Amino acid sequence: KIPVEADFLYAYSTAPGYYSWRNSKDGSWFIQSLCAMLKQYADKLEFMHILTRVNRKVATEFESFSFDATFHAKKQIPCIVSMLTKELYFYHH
């Protein structure tokens, strides 16, 4: 028997309670970063490690630009919530 909530992964774009940021031309910071890290690393890294690089890329390479001072120069950290019970690779041996 296994728990009914086992083997889910929730890859949230932002920390609980916070806004999430989207560039009106290039798309959301998180999705841009997720697609880039999957393209670069899915043929070799386990998914939590890809998601950790997505955390690093969103955290360090992005800062909001807004004509509204209230929303200007803000930051984002994504939030990985894993109820997984095994390592996940997007390839097979």
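Each form is matched to the other, and the largest set of C-alpha atoms that superpose within 1.5 Å is called the rigid core. Quick note: we count residues from 1 along the sequence shown, nothing fancier.
Asks: Can you check whether 29-37 or 64-72 lies farther from the displayed model in 7 other deposited structures of this protein, averaging C-alpha distances as RMS after superposing on the core?
Replies: The more displaced stretch in 7 other deposited structures of this protein turns out to be 64-72.
Asks: So 84-92 or 3-11, which one's hotter by mean CA B-factor in the entry?
Replies: Higher mean C-alpha B-factor: 84-92.
Asks: According to the deposited model, is the average Cα temperature factor higher in 13-21 or in 68-76?
Replies: 68-76 has the higher mean C-alpha B-factor.
Asks: Among the modelled residues of its chain, does the C-alpha B-factor of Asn55 lie in the lowest, middle or highest third?
Replies: Ranked within chain, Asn55 CA B lands in the lowest tercile.
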